[PDB]
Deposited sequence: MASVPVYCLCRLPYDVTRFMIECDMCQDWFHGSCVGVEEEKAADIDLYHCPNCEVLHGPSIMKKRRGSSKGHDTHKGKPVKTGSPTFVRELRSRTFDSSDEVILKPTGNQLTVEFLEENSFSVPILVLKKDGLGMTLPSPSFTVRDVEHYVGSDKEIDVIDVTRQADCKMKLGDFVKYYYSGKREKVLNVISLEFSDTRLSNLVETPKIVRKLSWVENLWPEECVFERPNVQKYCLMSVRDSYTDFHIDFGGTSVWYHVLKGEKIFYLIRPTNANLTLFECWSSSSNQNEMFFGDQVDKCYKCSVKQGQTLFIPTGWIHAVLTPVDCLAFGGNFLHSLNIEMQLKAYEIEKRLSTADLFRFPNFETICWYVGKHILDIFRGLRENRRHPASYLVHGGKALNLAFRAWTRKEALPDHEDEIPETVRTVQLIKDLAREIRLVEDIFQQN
């Protein structure tokens, strides 16, 4: 059951520019309806050829800088931001423990200056993109971002490498989607210990289970000078570990307050999106520099953009965890409302949530049996998760969700037992 769009009735293709018709609510390829990317901006409310004859032409708007343009990057480099030093935590590798994260529910970015203590396995700083080719494969196809166009393209890793070491770059290309978990490069990399300890998939995804294991923990980032990735929330509301092996990366971090999340969603569905810097709309946009050998950890829901000031090679990944389950679910709902294609969503997000629910149940019961109670964040998360469980299993909604429910899970019993456990803890928390 694959959805199709446009006049051509084809399944989604992330390499082609698409716009939505307000009347239809269907999406159309720019080339299929004669709308070039450069002129799309002038359109506020687009009317497709059909809707046009039946309900009038498109609504036009009304110089503006285009996000990702060389002019945009220069202006960004000169913008004044808030100092991330006033909010980001700087534990040492050995101080970054689960207990440390629990103190504040891993609610703010964390920057670790030296890998020592991070339990991270990586090749030496002398590793080159050319070495990535040798380990990944010259003929492998990868998603590459044409920064000037803020569009995704597909090419052979080998082709990208040629462009990289090329004595000329007429285009600003950036590779940020190369997940190498199933290549030999995977043998030379181990994600930070803290990531593997918190990761839902790492700890709760069973062997086989009829669903393919989500692999989003090992990505290789190869970005040329001036590459720019616009503001976003990583898929599934995952947290991010980011290690700069060579070069430097600049992050623009915005806290996921209810106001900023609303502002973000409005911005993500605007007709102006590519003509406005989202950073100008929030009260605080923190600029964080991550240099060679340093590792940045981005919390759940944090909105961020990324500038590459110099050629850079980096490793990073995404992971879901239990410190802010409600925020992960919020990110998930935002993706749905924005009609996000699956390749930009956490794979089998709901399935892993069910396994987590079962696990959280055992923890609650386990803690109660050992005369102990769970941390408050777990209760809040367990509750928001149980609410989602109920929403996904309601008579009228079940058809769109049953498919992701593991066979080894009794939804009714899980939901009831979790509600019981949570409620108990809430009573005890009320004593004090």
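In this entry, the deposited residues absent from the coordinate set span 1-2, 65-77.
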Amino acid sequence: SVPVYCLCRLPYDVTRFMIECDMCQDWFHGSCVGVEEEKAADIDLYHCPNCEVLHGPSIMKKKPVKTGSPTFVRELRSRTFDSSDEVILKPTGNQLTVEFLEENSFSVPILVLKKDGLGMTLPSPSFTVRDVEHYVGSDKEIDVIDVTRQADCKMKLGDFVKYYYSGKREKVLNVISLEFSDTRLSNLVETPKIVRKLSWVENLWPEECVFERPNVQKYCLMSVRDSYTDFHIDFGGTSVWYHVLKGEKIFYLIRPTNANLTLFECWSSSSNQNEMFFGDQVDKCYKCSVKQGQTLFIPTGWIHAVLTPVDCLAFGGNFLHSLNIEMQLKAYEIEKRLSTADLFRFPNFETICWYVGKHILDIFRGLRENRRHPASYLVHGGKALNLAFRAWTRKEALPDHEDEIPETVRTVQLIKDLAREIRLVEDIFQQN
From here on, numbers count along this sequence of modelled residues.
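In this entry, 144-152 shows the higher mean Cα temperature factor of the pair 144-152 and 226-234. Higher mean CA temperature factor, per the PDB entry, when comparing 134-142 with 310-318: 134-142. Based on the entry's C-alpha B-factors, the most elevated value among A341, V108, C209, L253 belongs to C209.
Note on the listed residues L385, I405, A391, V53: the highest Cα temperature factor in the record is that of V53. Ranked by Cα temperature factor within the chain, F28 sits in the lowest third according to the deposited record. Among the modelled residues of the chain, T262 sits in the lowest third by CA temperature factor in this PDB entry. Placement of the Cα temperature factor of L418 within the chain: middle third of the modelled residues, per the deposited record. Placement of the Cα temperature factor of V4 within the chain: middle third of the modelled residues, per the deposited record. Among the modelled residues of its chain, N272 has a C-alpha B-factor that falls in the highest third according to the deposited record.
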